[PDB]
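A.B. asks: Shown below is the structure under consideration.
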Amino acid sequence: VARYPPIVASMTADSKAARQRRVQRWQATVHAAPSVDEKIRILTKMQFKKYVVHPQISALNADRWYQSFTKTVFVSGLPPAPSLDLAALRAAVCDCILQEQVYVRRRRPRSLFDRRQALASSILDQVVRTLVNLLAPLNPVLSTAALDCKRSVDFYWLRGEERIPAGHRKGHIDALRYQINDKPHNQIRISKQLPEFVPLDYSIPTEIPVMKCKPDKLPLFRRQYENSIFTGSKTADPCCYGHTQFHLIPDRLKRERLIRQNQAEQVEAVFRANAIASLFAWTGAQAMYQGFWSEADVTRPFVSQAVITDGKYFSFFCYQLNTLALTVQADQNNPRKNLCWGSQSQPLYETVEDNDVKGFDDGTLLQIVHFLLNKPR
Amino acid sequence: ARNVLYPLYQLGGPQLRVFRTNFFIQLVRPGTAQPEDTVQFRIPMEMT
Amino acid sequence: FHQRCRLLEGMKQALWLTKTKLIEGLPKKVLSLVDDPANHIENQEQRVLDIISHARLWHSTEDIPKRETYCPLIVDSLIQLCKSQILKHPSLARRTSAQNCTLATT
Amino acid sequence: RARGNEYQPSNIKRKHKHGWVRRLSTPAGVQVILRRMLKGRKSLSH
RNA sequence: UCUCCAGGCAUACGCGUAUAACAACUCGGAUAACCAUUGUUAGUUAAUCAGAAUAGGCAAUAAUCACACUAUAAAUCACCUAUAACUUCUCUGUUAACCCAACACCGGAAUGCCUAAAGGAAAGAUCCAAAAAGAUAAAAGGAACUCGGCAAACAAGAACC
RNA sequence: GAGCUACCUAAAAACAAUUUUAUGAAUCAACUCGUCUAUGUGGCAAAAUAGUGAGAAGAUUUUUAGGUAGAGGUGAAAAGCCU
Ligand SMILES: [Mg+2]
Ligand SMILES: [Mg+2]
Ligand SMILES: [Mg+2]
Ligand SMILES: [Mg+2]
Ligand SMILES: [Mg+2]
Ligand SMILES: [Mg+2]
Ligand SMILES: [Mg+2]
Ligand SMILES: [Mg+2]
Ligand SMILES: [Mg+2]
Ligand SMILES: [Mg+2]
Ligand SMILES: [Mg+2]
Ligand SMILES: [Mg+2]
Ligand SMILES: [Mg+2]
Ligand SMILES: [Mg+2]
Ligand SMILES: [Mg+2]
Ligand SMILES: [Mg+2]
Ligand SMILES: [Mg+2]
Ligand SMILES: [Mg+2]
Ligand SMILES: [Mg+2]
Ligand SMILES: [Mg+2]
Ligand SMILES: [Mg+2]
Ligand SMILES: [Mg+2]
Ligand SMILES: [Mg+2]
Ligand SMILES: [Mg+2]
């Protein structure tokens, strides 16, 4: 019965093993932290130079790069799989579109470049409000929901490690920090968690793209500002889960402008990049509110939806936050990968003349209604 | 073109055509690692 | 007369310009509408407190949001709460709103 | 205290005080330039 | 891997290749290893970070969690009326252990966040001499020292001119 | 020549905890200063270091740009400052 001392590395020694043990000490404080707000504070109290991810970004193939930063696999299509007043919903949607362009006056904008963008923003804003009310009788969950316009959704996570290339810290191990600071045009937050689109740990043949180069090759720069994990509302908010996000593509990224710049393939890549970035940030922030963080992988998958439009076209994406353990230490033997499903863009209405909206397609309206009606079990 | 005069443009002016160009460029092997699509060039400082 | 215009005499000057007589208090017809408990919303007191708390503290990452962001939020939130009564009254579907409209008369 | 660090470099301060436009403002400054051109100086001003 | 120390990462002003790899071993580092040195080759990628139309009319009511509460030192373009124009992505900053002090100077240097998760090494090998410098401990006594309780103290209390 | 320094104009920034109260009040950091002793003395330093001390919501400190020039400037007057 020899009570040997434990075979572990020293705490205060200047060695990699000793450093790792000190890291475990810090993580212990998070594990024993009483409340979620204290958990977040301890995690993000220290600010280091971090990549700033932009959900709406013009960089080529940003969608593929964003998957690696998030470990999200994009599967084309919808997730694997009552009575509706289409006359009222169809008429109401036309009223918002027509009322805005043909009717209403405001003060004609000063800048000659944001007029169409300003017009596009208002139709999206009004249409959402009406649909939420018009779909409320069919689904009572929306009544308990909270509707926010142009609120901020943030998420800061660590993924990957690098050796500092130059300077006095040459060769010191440095984690790769990424952040997403987003202002989705419209979002719906509900108290109850939405149902899962697929069982947790579901395996798929498709694999995350692996990028040979560093994140700096596609324009992506680093700054040191406050790290924030924000779901659009503080922790005290009773409504902490998410239902759906509405995003508007900026004018520069619209279909016609990309064609002239010769990046025709990026017409749909722009949609994918925003969907992956924003939904992960929103779902990722939600997990932290429930207390899950990188070391403590999420037990119950978090699911949220988003709809992305350029003003006329619409594309809808579904997301699932299988894992937050996206770090070299915590990703050593993690077989769980986040899953995202997306659909191609569809034109809601071809164009408007006189008092009639030409080329209105019901299919786009039906898909929006289906997303709004999804409810917790 | 470089070391030459560009006509001043005012509303309604014609399009500017440079028939013979002074800008000469050279392609270089990247110093760092670059994406397969990315290509590096060294160009005259007055080129946009 | 425009937004920034401030009348020195307040209400009295406004009464003269529009040729109107002032009655203190809301009309009895409007007041009696909410006296009926049937119009009372579920968890009305609690939901209003959340909106006030959301309006002033929880909406922005900052510590003390400025009035440029919580006077619109409070009014917008309440209207999106009063507009939840469509379930009781389907007739409320016959209205829509606008923003920053232009009204003028001579 | 410890002297020797009077020079607290500022490019805006430097160019305003001993710059080209500053020197040309006055004839007394232009005559500073004129002498420097006579001597053969590499730099006539800042 | 072990032992120990405890201002660190960005920004601005500034500096101007001191950044990074390779190759040299003349010079520089106050000595070596190694390079901060020499030569050659490279480098810092932004519509978001940062920097760079006209003529009139008219504003009594701070801030401080702005509610209460008072005070005194009395306190940050907008909105309208008309005219003119009707769909855009160029340019420049971005490296480093860095700056002011003849120096790889125990000195000077503003703001943000955090206090070790970040950043570092007091001893080239020896040896135990005097003198000198610093730290700690004291039998008995307790200012008898001294120009003076200077310095130090298990004290840091009281009154006076 | 006012990038040091004396003064001023403009645009700005910093001040934790504790007790008083409602303040050129108190304890004491950051920060500003520089009473005393010691070391140093071609020194780390052409004025520093180690201790010990004074102020620390104010006549406060600090940052940025500008102004005052030698028969002069500035000066809570030391004939003090003005590279
Ligand atoms: Mg370390
Ligand atoms: Mg000098
Ligand atoms: Mg100075
Ligand atoms: Mg080097
Ligand atoms: Mg070598
Ligand atoms: Mg030396
Ligand atoms: Mg070299
Ligand atoms: Mg910018
Ligand atoms: Mg830098
Ligand atoms: Mg040593
Ligand atoms: Mg020794
Ligand atoms: Mg002793
Ligand atoms: Mg003794
Ligand atoms: Mg005596
Ligand atoms: Mg004494
Ligand atoms: Mg000055
Ligand atoms: Mg004075
Ligand atoms: Mg205080
Ligand atoms: Mg003094
Ligand atoms: Mg004191
Ligand atoms: Mg005192
Ligand atoms: Mg005081
Ligand atoms: Mg005298
Ligand atoms: Mg002198």
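Ordering of the structure tokens sets the chain letters (A, B, ...); residue numbers start at 1 within each chain; ligands are numbered from 1 in the order shown.
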For chain E, work out the contacting residues on chain C at 8 Å, counting only C-alpha atoms (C1' of nucleotides), and write them as a list in words.
C.D. replies: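 That gives residues 2, 3, 4 and 64 of chain C for chain C.
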A.B. asks: Any residue with an atom at most 12 Å from ligand 16 counts, using only C-alpha atoms (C1' of nucleotides) and all ligand atoms. Which are they? Put them as a list in words.
C.D. replies: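 Residues satisfying the distance criterion: residues 8, 9, 10, 12, 13, 14 and 17 of chain D; 2, 3, 4, 5, 7, 8, 9, 63, 64, 65, 66 and 67 of chain F.
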A.B. asks: What do you get as a PyMOL selection string if you pick all residues at most 9 Å from ligand 10, counting only C-alpha atoms (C1' of nucleotides) and all ligand atoms?
C.D. replies: chain E and resi 121-123
A.B. asks: Write as a PDB file with N, CA and C atoms (P, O5', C5', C4', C3', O3' and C1' of nucleotides), in the first residue's frame the residues around ligand 13, taking 10 Å as the cut-off and counting only C-alpha atoms (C1' of nucleotides) and all ligand atoms.
C.D. replies:
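pocket.pdb was written with the following content:
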ATOM      1  P     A E 137      15.014  39.518  11.638  1.00  0.00           P
ATOM      2  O5'   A E 137      16.015  38.702  12.564  1.00  0.00           O
ATOM      3  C5'   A E 137      15.797  37.326  12.833  1.00  0.00           C
ATOM      4  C4'   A E 137      16.923  36.734  13.640  1.00  0.00           C
ATOM      5  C3'   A E 137      17.333  37.502  14.885  1.00  0.00           C
ATOM      6  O3'   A E 137      16.472  37.294  15.990  1.00  0.00           O
ATOM      7  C1'   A E 137      19.260  36.934  13.670  1.00  0.00           C
ATOM      8  P     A E 138      16.342  38.424  17.126  1.00  0.00           P
ATOM      9  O5'   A E 138      17.696  38.296  17.950  1.00  0.00           O
ATOM     10  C5'   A E 138      18.063  37.064  18.559  1.00  0.00           C
ATOM     11  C4'   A E 138      19.227  37.234  19.497  1.00  0.00           C
ATOM     12  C3'   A E 138      19.072  38.367  20.508  1.00  0.00           C
ATOM     13  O3'   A E 138      19.668  37.997  21.746  1.00  0.00           O
ATOM     14  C1'   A E 138      21.007  38.729  19.212  1.00  0.00           C
ATOM     15  P     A E 139      19.240  38.743  23.098  1.00  0.00           P
ATOM     16  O5'   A E 139      19.165  37.566  24.169  1.00  0.00           O
ATOM     17  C5'   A E 139      20.058  36.464  24.105  1.00  0.00           C
ATOM     18  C4'   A E 139      20.886  36.360  25.358  1.00  0.00           C
ATOM     19  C3'   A E 139      20.712  37.499  26.351  1.00  0.00           C
ATOM     20  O3'   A E 139      19.594  37.308  27.199  1.00  0.00           O
ATOM     21  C1'   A E 139      23.015  37.131  25.971  1.00  0.00           C
ATOM     22  P     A E 140      18.581  38.518  27.495  1.00  0.00           P
ATOM     23  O5'   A E 140      19.424  39.491  28.428  1.00  0.00           O
ATOM     24  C5'   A E 140      20.006  39.015  29.631  1.00  0.00           C
ATOM     25  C4'   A E 140      20.907  40.048  30.252  1.00  0.00           C
ATOM     26  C3'   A E 140      20.405  41.481  30.203  1.00  0.00           C
ATOM     27  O3'   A E 140      19.456  41.781  31.208  1.00  0.00           O
ATOM     28  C1'   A E 140      22.629  41.428  29.457  1.00  0.00           C
TER      29        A E 140
END
A.B. asks: Could you produce a table of the residues of chain E lying within 10 Å of ligand 15, with the nearest pair of atoms per residue and their separation in Å rounded to one decimal, using only C-alpha atoms (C1' of nucleotides) and all ligand atoms, ordered by chain and increasing residue number, as a tab-separated table?
C.D. replies:
residue	atom	partner	partner_atom_place_in_ligand_line	distance
E:149	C1'	ligand 15	1 (Mg)	7.3
E:150	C1'	ligand 15	1 (Mg)	6.7
E:151	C1'	ligand 15	1 (Mg)	6.9
E:152	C1'	ligand 15	1 (Mg)	8.4
A.B. asks: To one decimal in Å, tell me the separation between CA of residue 159 in chain A and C1' of residue 44 in chain E.
C.D. replies: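 Distance between the two atoms: 24.3 Å.
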A.B. asks: Using only C-alpha atoms (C1' of nucleotides) and all ligand atoms, what are the residues with an atom within 12 Å of ligand 24, set out as a PyMOL selection string?
C.D. replies: (chain D and resi 3-4+6) or (chain F and resi 1+4-5+81-83)
A.B. asks: Could the residues in this selection be written to a file with N, CA and C atoms (P, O5', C5', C4', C3', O3' and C1' of nucleotides), as a PDB file, in the first residue's frame?
C.D. replies:
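This is the output file out_6.pdb:
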ATOM      1  N   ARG D   3      17.455  64.881 -18.595  1.00  0.00           N
ATOM      2  CA  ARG D   3      17.295  65.582 -19.859  1.00  0.00           C
ATOM      3  C   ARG D   3      17.796  64.720 -21.014  1.00  0.00           C
ATOM      4  N   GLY D   4      17.684  65.259 -22.225  1.00  0.00           N
ATOM      5  CA  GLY D   4      18.200  64.629 -23.421  1.00  0.00           C
ATOM      6  C   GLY D   4      17.143  64.133 -24.377  1.00  0.00           C
ATOM      7  N   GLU D   6      14.337  65.916 -25.466  1.00  0.00           N
ATOM      8  CA  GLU D   6      13.482  67.036 -25.848  1.00  0.00           C
ATOM      9  C   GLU D   6      12.715  66.751 -27.130  1.00  0.00           C
TER      10      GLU D   6
ATOM     11  P     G F   1      12.281  77.883 -37.901  1.00  0.00           P
ATOM     12  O5'   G F   1      12.420  77.159 -36.488  1.00  0.00           O
ATOM     13  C5'   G F   1      11.846  77.726 -35.320  1.00  0.00           C
ATOM     14  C4'   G F   1      12.496  77.202 -34.066  1.00  0.00           C
ATOM     15  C3'   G F   1      11.662  77.316 -32.800  1.00  0.00           C
ATOM     16  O3'   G F   1      10.705  76.284 -32.660  1.00  0.00           O
ATOM     17  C1'   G F   1      13.797  78.185 -32.377  1.00  0.00           C
ATOM     18  P     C F   4       7.023  69.321 -25.954  1.00  0.00           P
ATOM     19  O5'   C F   4       8.206  69.391 -24.896  1.00  0.00           O
ATOM     20  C5'   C F   4       9.323  68.523 -24.992  1.00  0.00           C
ATOM     21  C4'   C F   4      10.449  68.974 -24.100  1.00  0.00           C
ATOM     22  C3'   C F   4      10.056  69.769 -22.869  1.00  0.00           C
ATOM     23  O3'   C F   4       9.579  68.949 -21.816  1.00  0.00           O
ATOM     24  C1'   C F   4      11.900  70.802 -23.930  1.00  0.00           C
ATOM     25  P     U F   5       8.294  69.386 -20.955  1.00  0.00           P
ATOM     26  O5'   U F   5       8.614  70.876 -20.504  1.00  0.00           O
ATOM     27  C5'   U F   5       9.379  71.141 -19.340  1.00  0.00           C
ATOM     28  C4'   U F   5       9.684  72.609 -19.206  1.00  0.00           C
ATOM     29  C3'   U F   5       8.491  73.518 -18.962  1.00  0.00           C
ATOM     30  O3'   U F   5       8.069  73.529 -17.611  1.00  0.00           O
ATOM     31  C1'   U F   5       9.826  74.435 -20.671  1.00  0.00           C
ATOM     32  P     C F  81      15.812  78.361 -14.100  1.00  0.00           P
ATOM     33  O5'   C F  81      14.585  77.812 -14.942  1.00  0.00           O
ATOM     34  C5'   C F  81      14.693  77.662 -16.342  1.00  0.00           C
ATOM     35  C4'   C F  81      13.344  77.682 -17.004  1.00  0.00           C
ATOM     36  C3'   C F  81      13.363  78.013 -18.484  1.00  0.00           C
ATOM     37  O3'   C F  81      13.662  76.887 -19.289  1.00  0.00           O
ATOM     38  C1'   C F  81      11.780  79.378 -17.417  1.00  0.00           C
ATOM     39  P     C F  82      15.020  76.838 -20.144  1.00  0.00           P
ATOM     40  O5'   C F  82      14.531  77.120 -21.629  1.00  0.00           O
ATOM     41  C5'   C F  82      13.235  76.726 -22.047  1.00  0.00           C
ATOM     42  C4'   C F  82      12.633  77.710 -23.013  1.00  0.00           C
ATOM     43  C3'   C F  82      13.573  78.314 -24.035  1.00  0.00           C
ATOM     44  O3'   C F  82      13.885  77.420 -25.087  1.00  0.00           O
ATOM     45  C1'   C F  82      12.136  79.984 -23.173  1.00  0.00           C
ATOM     46  P     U F  83      15.360  77.382 -25.715  1.00  0.00           P
ATOM     47  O5'   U F  83      15.726  75.835 -25.743  1.00  0.00           O
ATOM     48  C5'   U F  83      15.815  75.076 -24.543  1.00  0.00           C
ATOM     49  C4'   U F  83      16.252  73.661 -24.823  1.00  0.00           C
ATOM     50  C3'   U F  83      17.449  73.530 -25.758  1.00  0.00           C
ATOM     51  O3'   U F  83      18.179  72.346 -25.438  1.00  0.00           O
ATOM     52  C1'   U F  83      15.559  72.542 -26.768  1.00  0.00           C
TER      53        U F  83
END
A.B. asks: Any residue with an atom at most 10 Å from ligand 20 counts, using only C-alpha atoms (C1' of nucleotides) and all ligand atoms. Which are they? Put them as a list in words.
C.D. replies: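 Listed by chain and ascending number, the contacts are residues 26, 27, 28, 53, 54, 55 and 56 of chain F.
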